[PDB]
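> What follows is run.txt, made up of compact mmCIF, C-alpha atoms:
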```txt
# COMPACT_ATOMS: atom_id res chain seq x y z
CA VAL A 3 -15.73 -14.70 -1.13
CA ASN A 4 -12.37 -13.68 -2.51
CA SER A 5 -9.09 -15.53 -3.24
CA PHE A 6 -6.90 -14.05 -0.47
CA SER A 7 -5.53 -16.89 1.70
CA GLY A 8 -3.72 -17.21 5.05
CA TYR A 9 -4.68 -13.78 6.46
CA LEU A 10 -5.39 -13.02 10.10
CA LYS A 11 -8.60 -11.00 10.50
CA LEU A 12 -8.02 -7.83 12.57
CA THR A 13 -11.42 -6.17 12.14
CA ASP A 14 -14.59 -6.40 10.07
CA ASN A 15 -12.67 -5.12 7.03
CA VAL A 16 -8.89 -5.32 7.70
CA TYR A 17 -6.80 -8.47 7.25
CA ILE A 18 -3.03 -8.99 7.65
CA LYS A 19 -0.42 -11.52 6.52
CA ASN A 20 3.38 -11.94 6.65
CA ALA A 21 4.03 -11.90 2.92
CA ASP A 22 6.00 -10.30 0.13
CA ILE A 23 3.45 -8.06 -1.60
CA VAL A 24 5.11 -8.82 -4.96
CA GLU A 25 4.64 -12.57 -4.51
CA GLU A 26 1.14 -12.07 -3.15
CA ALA A 27 0.14 -9.90 -6.12
CA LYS A 28 1.58 -12.43 -8.59
CA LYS A 29 -0.52 -15.17 -7.09
CA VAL A 30 -3.84 -13.41 -6.40
CA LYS A 31 -3.83 -10.93 -9.33
CA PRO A 32 -6.02 -8.59 -7.24
CA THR A 33 -8.15 -5.88 -8.80
CA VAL A 34 -6.02 -3.31 -6.94
CA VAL A 35 -2.49 -3.46 -5.54
CA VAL A 36 -1.36 -0.38 -3.60
CA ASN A 37 2.10 1.05 -4.18
CA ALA A 38 3.98 3.01 -1.50
CA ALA A 39 4.70 5.83 -3.94
CA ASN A 40 6.41 9.21 -3.73
CA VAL A 41 5.09 12.36 -5.40
CA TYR A 42 7.40 11.91 -8.41
CA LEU A 43 6.45 8.24 -8.90
CA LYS A 44 10.17 7.41 -8.80
CA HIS A 45 10.05 3.75 -7.82
CA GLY A 46 13.59 3.33 -6.55
CA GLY A 47 13.39 1.28 -3.38
CA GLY A 48 11.19 -0.14 -0.70
CA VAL A 49 7.86 -1.54 -1.84
CA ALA A 50 7.85 0.71 -4.93
CA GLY A 51 11.26 -0.45 -6.11
CA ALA A 52 10.22 -4.07 -5.61
CA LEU A 53 6.88 -3.72 -7.42
CA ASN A 54 8.51 -1.85 -10.29
CA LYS A 55 11.29 -4.44 -10.63
CA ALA A 56 8.62 -7.16 -10.84
CA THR A 57 7.08 -5.31 -13.83
CA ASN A 58 10.46 -5.23 -15.63
CA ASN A 59 10.40 -1.39 -15.26
CA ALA A 60 7.09 -1.03 -17.14
CA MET A 61 5.58 0.61 -14.04
CA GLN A 62 8.33 3.26 -14.14
CA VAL A 63 7.86 3.90 -17.88
CA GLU A 64 4.11 4.40 -17.40
CA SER A 65 4.73 6.55 -14.33
CA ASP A 66 7.17 8.84 -16.12
CA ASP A 67 4.57 9.50 -18.82
CA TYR A 68 1.96 10.21 -16.10
CA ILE A 69 4.22 12.77 -14.38
CA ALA A 70 5.22 14.41 -17.66
CA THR A 71 1.52 15.00 -18.36
CA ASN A 72 0.14 15.76 -14.89
CA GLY A 73 3.01 16.84 -12.66
CA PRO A 74 3.69 15.44 -9.21
CA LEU A 75 1.13 13.99 -6.85
CA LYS A 76 0.34 15.58 -3.49
CA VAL A 77 1.56 14.02 -0.26
CA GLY A 78 -1.57 12.21 0.91
CA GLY A 79 -2.78 11.82 -2.68
CA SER A 80 -2.95 9.01 -5.20
CA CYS A 81 -3.44 8.02 -8.80
CA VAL A 82 -4.69 4.86 -10.49
CA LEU A 83 -2.40 3.37 -13.12
CA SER A 84 -1.99 -0.07 -14.65
CA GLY A 85 -1.25 -3.08 -12.47
CA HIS A 86 0.88 -4.56 -15.27
CA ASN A 87 1.56 -8.27 -14.57
CA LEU A 88 0.73 -7.88 -10.86
CA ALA A 89 -2.91 -6.69 -10.67
CA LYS A 90 -5.59 -5.08 -12.80
CA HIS A 91 -4.77 -1.65 -11.36
CA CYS A 92 -2.08 -0.12 -9.19
CA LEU A 93 -3.21 2.56 -6.77
CA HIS A 94 -0.09 4.69 -6.20
CA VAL A 95 -0.58 6.29 -2.77
CA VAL A 96 1.80 8.85 -1.26
CA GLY A 97 2.10 8.58 2.49
CA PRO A 98 4.21 11.18 4.30
CA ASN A 99 7.94 10.40 4.41
CA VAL A 100 9.21 11.15 7.92
CA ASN A 101 12.77 11.10 6.56
CA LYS A 102 11.71 14.18 4.53
CA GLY A 103 9.98 15.92 7.45
CA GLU A 104 6.43 15.50 6.07
CA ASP A 105 3.47 15.86 8.44
CA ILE A 106 2.36 12.49 9.83
CA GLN A 107 -1.22 13.73 10.03
CA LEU A 108 -1.21 13.32 6.25
CA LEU A 109 -1.19 9.56 6.82
CA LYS A 110 -4.95 9.56 7.40
CA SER A 111 -5.50 11.45 4.12
CA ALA A 112 -3.30 8.87 2.36
CA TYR A 113 -5.37 5.95 3.68
CA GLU A 114 -8.63 7.70 2.66
CA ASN A 115 -7.68 6.94 -0.96
CA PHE A 116 -8.28 3.24 -0.21
CA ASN A 117 -12.00 3.93 0.35
CA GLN A 118 -12.48 4.48 -3.39
CA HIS A 119 -11.82 0.73 -3.97
CA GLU A 120 -13.93 -2.13 -2.65
CA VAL A 121 -10.98 -4.52 -2.13
CA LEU A 122 -7.22 -3.86 -2.08
CA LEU A 123 -3.91 -5.60 -1.47
CA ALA A 124 -1.68 -3.06 0.27
CA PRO A 125 1.42 -2.39 2.36
CA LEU A 126 1.38 -0.30 5.51
CA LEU A 127 1.67 3.30 4.34
CA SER A 128 4.64 5.37 5.51
CA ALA A 129 6.31 2.25 6.99
CA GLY A 130 9.71 0.90 6.00
CA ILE A 131 11.97 3.49 4.39
CA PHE A 132 9.27 6.18 4.78
CA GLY A 133 10.22 6.28 8.46
CA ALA A 134 6.89 6.16 10.32
CA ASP A 135 6.03 3.78 13.16
CA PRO A 136 4.28 0.77 11.55
CA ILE A 137 2.14 0.22 14.67
CA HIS A 138 0.77 3.74 14.19
CA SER A 139 0.27 3.14 10.48
CA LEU A 140 -1.81 0.03 11.21
CA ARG A 141 -3.93 1.96 13.72
CA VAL A 142 -4.61 4.74 11.20
CA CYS A 143 -5.44 2.12 8.56
CA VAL A 144 -7.99 0.39 10.79
CA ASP A 145 -9.52 3.70 11.86
CA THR A 146 -9.69 5.17 8.32
CA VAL A 147 -10.23 2.44 5.72
CA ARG A 148 -13.78 1.12 5.48
CA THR A 149 -13.32 -1.03 2.37
CA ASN A 150 -11.73 -4.47 2.48
CA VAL A 151 -7.96 -4.25 2.83
CA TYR A 152 -5.49 -7.15 2.78
CA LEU A 153 -2.21 -5.95 4.30
CA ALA A 154 1.06 -7.66 3.37
CA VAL A 155 3.90 -7.20 5.84
CA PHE A 156 7.27 -8.38 4.47
CA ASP A 157 9.18 -8.60 7.74
CA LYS A 158 8.17 -11.56 9.89
CA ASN A 159 9.48 -9.95 13.06
CA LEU A 160 7.40 -6.82 12.42
CA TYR A 161 4.32 -8.87 11.48
CA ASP A 162 4.43 -10.67 14.84
CA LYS A 163 4.88 -7.36 16.66
CA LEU A 164 1.94 -5.79 14.79
CA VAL A 165 -0.38 -8.71 15.63
CA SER A 166 0.71 -9.05 19.26
CA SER A 167 0.32 -5.30 19.95
CA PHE A 168 -2.97 -4.81 18.07
CA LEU A 169 -5.78 -3.35 20.17
```
Can I see the file as structure tokens?

Amino acid sequence: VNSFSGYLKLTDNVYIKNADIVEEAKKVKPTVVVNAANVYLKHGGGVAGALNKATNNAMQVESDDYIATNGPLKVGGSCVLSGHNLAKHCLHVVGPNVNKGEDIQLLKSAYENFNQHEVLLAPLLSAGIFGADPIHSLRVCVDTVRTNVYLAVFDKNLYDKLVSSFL
């Protein structure tokens, strides 16, 4: 038993809710919240900009130190940093950005990072301003992640479309 509430169960291990991931993280304080990161951990917009704003920019300060030490992530890769006031940990995962021409096949590699964590609160990778089809992202999630994932979908219209079209 965990504290996630109001989710629709899609499979044995994947759950989905129309929710603001920031507000959901603040209330659950999950062990892991996933950020929709880029390779530079520049949290300007989308989910990343919203999560970082909710940390009063502490996520960005920590991220800049991480990059200065380690260099950029790989597309499809991840790193574990602090969850600040939102979660114990933040798993920064880089899905491919279609608006940069990155290979969508890397989306599966991106979701594989979730398997290193027993339970996660997450957005759909490569959705929103990353330009991929969210229906496809959900399919890859279900077919790749084996650990327990609670997906927060901000847009109500998209949430309904994702549920109604789910096979």
> Distance table requested - segment 40-61 of chain A against segment 121-135 of chain A, cut-off 10 Å, all atoms listed in the file: one row per qualifying residue with the closest atom pair and its distance in Å to one decimal, ordered by chain and rising residue number, as a tab-separated table.

```
residue	atom	partner	partner_atom	distance
A:40	CA	A:132	CA	9.5
A:47	CA	A:131	CA	8.2
A:48	CA	A:131	CA	6.3
A:49	CA	A:125	CA	7.7
```
> Determine, counting all atoms listed in the file, which protein, DNA and RNA residues have an atom within 12 Å of an atom of residue 67 of chain A; residues of the same chain fewer than 4 positions away are not included. Present the result as a PDB file with C-alpha atoms, in the frame of the given file.

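Okay, this is what ended up in part_22.pdb:
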```pdb
ATOM      1  CA  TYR A  42       7.400  11.910  -8.410  1.00  0.00           C
ATOM      2  CA  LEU A  43       6.450   8.240  -8.900  1.00  0.00           C
ATOM      3  CA  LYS A  44      10.170   7.410  -8.800  1.00  0.00           C
ATOM      4  CA  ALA A  60       7.090  -1.030 -17.140  1.00  0.00           C
ATOM      5  CA  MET A  61       5.580   0.610 -14.040  1.00  0.00           C
ATOM      6  CA  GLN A  62       8.330   3.260 -14.140  1.00  0.00           C
ATOM      7  CA  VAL A  63       7.860   3.900 -17.880  1.00  0.00           C
ATOM      8  CA  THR A  71       1.520  15.000 -18.360  1.00  0.00           C
ATOM      9  CA  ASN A  72       0.140  15.760 -14.890  1.00  0.00           C
ATOM     10  CA  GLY A  73       3.010  16.840 -12.660  1.00  0.00           C
ATOM     11  CA  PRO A  74       3.690  15.440  -9.210  1.00  0.00           C
ATOM     12  CA  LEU A  83      -2.400   3.370 -13.120  1.00  0.00           C
TER      13      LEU A  83
END
```
> Find the distance between atom CA of residue 9 of chain A and atom CA of residue 152 of chain A and write it in Å to one decimal.
7.6 Å
> Kindly indicate which residue among A:11, A:148, A:91, A:102 lies nearest to residue 114 of chain A, using only C-alpha atoms for the distances.
A:148
> For segment 22-26 of chain A, work out the shell of residues within 9 Å, counting only C-alpha atoms and skipping chain neighbours fewer than 3 positions away, then give it as a PyMOL selection string.
chain A and resi 6+29-32+35+49+52-53+56+88+123-125+153-157
> Give the answer as one residue: which of A:38, A:3, A:82, A:18 has the shortest atom-to-atom distance to residue 113 of chain A, using all atoms listed in the file?
A:38
> Pick the closest to residue 90 of chain A from A:45, A:19, A:55, A:28: which is it, counting all atoms listed in the file?
A:28
> Measure the distance from atom CA of residue 34 of chain A to atom CA of residue 147 of chain A in Å and round it to one decimal.
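Atom CA of residue 147 of chain A lies at a distance of 14.5 Å from atom CA of residue 34 of chain A.
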> Distance atom CA of residue 104 of chain A-atom CA of residue 77 of chain A, one decimal place?
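Separation between atom CA of residue 104 of chain A and atom CA of residue 77 of chain A: 8.1 Å.
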> Between A:5, A:112, A:120, A:89, which one has atoms that come closest to residue 142 of chain A, using only C-alpha atoms?
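Counting only C-alpha atoms, the residue closest to residue 142 of chain A is A:112.
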> With distances taken over only C-alpha atoms, which of A:137, A:96, A:75, A:39 is nearest to residue 111 of chain A?
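Among the listed residues, A:96 lies closest to residue 111 of chain A.
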> I'd like the neighbourhood of residue 81 of chain A as a count of residues only, where a residue qualifies if any of its atoms comes within 7 Å (using all atoms listed in the file), though same-chain residues fewer than 4 positions away should be ignored.
3
> Please determine, counting all atoms listed in the file, which residue among A:7, A:150, A:118, A:167 has the shortest atom-to-atom distance to residue 136 of chain A.
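Checking each of A:7, A:150, A:118, A:167 against residue 136 of chain A, counting all atoms listed in the file, the winner is A:167.
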> Would you mind completing segment 14-34 of chain A so that it carries N, CA, C and O atoms, and writing it out as a short mmCIF file (atom, residue, chain, number, x, y, z; two decimals), in the coordinates of the input?

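out_27.cif was written with the following content:
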```cif
data_model
loop_
_atom_site.label_atom_id
_atom_site.label_comp_id
_atom_site.auth_asym_id
_atom_site.auth_seq_id
_atom_site.Cartn_x
_atom_site.Cartn_y
_atom_site.Cartn_z
N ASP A 14 -13.59 -6.07 11.07
CA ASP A 14 -14.59 -6.40 10.07
C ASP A 14 -14.01 -6.35 8.66
O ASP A 14 -14.39 -7.16 7.81
N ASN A 15 -13.10 -5.40 8.39
CA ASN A 15 -12.67 -5.12 7.03
C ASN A 15 -11.16 -5.14 6.80
O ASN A 15 -10.74 -4.97 5.66
N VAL A 16 -10.35 -5.36 7.83
CA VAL A 16 -8.89 -5.32 7.70
C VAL A 16 -8.32 -6.69 8.05
O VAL A 16 -8.61 -7.25 9.12
N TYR A 17 -7.46 -7.18 7.17
CA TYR A 17 -6.80 -8.47 7.25
C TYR A 17 -5.30 -8.26 7.10
O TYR A 17 -4.87 -7.29 6.46
N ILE A 18 -4.48 -9.16 7.67
CA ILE A 18 -3.03 -8.99 7.65
C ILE A 18 -2.33 -10.33 7.49
O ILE A 18 -2.78 -11.36 8.01
N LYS A 19 -1.19 -10.31 6.79
CA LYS A 19 -0.42 -11.52 6.52
C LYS A 19 1.06 -11.15 6.43
O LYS A 19 1.41 -10.06 5.96
N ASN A 20 1.94 -12.05 6.90
CA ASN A 20 3.38 -11.94 6.65
C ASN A 20 3.62 -12.46 5.24
O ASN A 20 3.55 -13.66 5.00
N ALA A 21 3.87 -11.54 4.31
CA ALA A 21 4.03 -11.90 2.92
C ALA A 21 4.75 -10.79 2.19
O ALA A 21 4.72 -9.62 2.61
N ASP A 22 5.42 -11.19 1.13
CA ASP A 22 6.00 -10.30 0.13
C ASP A 22 4.87 -9.87 -0.81
O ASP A 22 4.27 -10.71 -1.49
N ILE A 23 4.56 -8.57 -0.81
CA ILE A 23 3.45 -8.06 -1.60
C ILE A 23 3.61 -8.38 -3.08
O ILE A 23 2.62 -8.58 -3.79
N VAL A 24 4.86 -8.45 -3.57
CA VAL A 24 5.11 -8.82 -4.96
C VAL A 24 4.62 -10.24 -5.23
O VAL A 24 3.89 -10.50 -6.19
N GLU A 25 5.01 -11.17 -4.36
CA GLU A 25 4.64 -12.57 -4.51
C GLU A 25 3.14 -12.76 -4.30
O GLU A 25 2.49 -13.53 -5.01
N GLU A 26 2.57 -12.00 -3.37
CA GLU A 26 1.14 -12.07 -3.15
C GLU A 26 0.36 -11.55 -4.35
O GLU A 26 -0.64 -12.15 -4.76
N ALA A 27 0.81 -10.44 -4.94
CA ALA A 27 0.14 -9.90 -6.12
C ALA A 27 0.22 -10.89 -7.28
O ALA A 27 -0.78 -11.14 -7.97
N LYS A 28 1.40 -11.47 -7.50
CA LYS A 28 1.58 -12.43 -8.59
C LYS A 28 0.63 -13.61 -8.46
O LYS A 28 0.16 -14.15 -9.47
N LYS A 29 0.27 -13.97 -7.25
CA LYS A 29 -0.52 -15.17 -7.09
C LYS A 29 -2.02 -14.87 -7.10
O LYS A 29 -2.80 -15.63 -7.68
N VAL A 30 -2.42 -13.78 -6.46
CA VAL A 30 -3.84 -13.41 -6.40
C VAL A 30 -4.29 -12.67 -7.66
O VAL A 30 -5.43 -12.84 -8.10
N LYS A 31 -3.44 -11.83 -8.24
CA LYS A 31 -3.83 -10.93 -9.33
C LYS A 31 -5.04 -10.11 -8.87
O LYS A 31 -6.10 -10.14 -9.50
N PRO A 32 -4.89 -9.36 -7.78
CA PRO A 32 -6.02 -8.59 -7.24
C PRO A 32 -6.44 -7.50 -8.22
O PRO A 32 -5.68 -7.08 -9.09
N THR A 33 -7.67 -7.03 -8.04
CA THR A 33 -8.15 -5.88 -8.80
C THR A 33 -7.26 -4.67 -8.55
O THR A 33 -6.95 -3.92 -9.49
N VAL A 34 -6.84 -4.46 -7.31
CA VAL A 34 -6.02 -3.31 -6.94
C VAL A 34 -4.87 -3.75 -6.04
O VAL A 34 -5.11 -4.34 -4.97
#
```
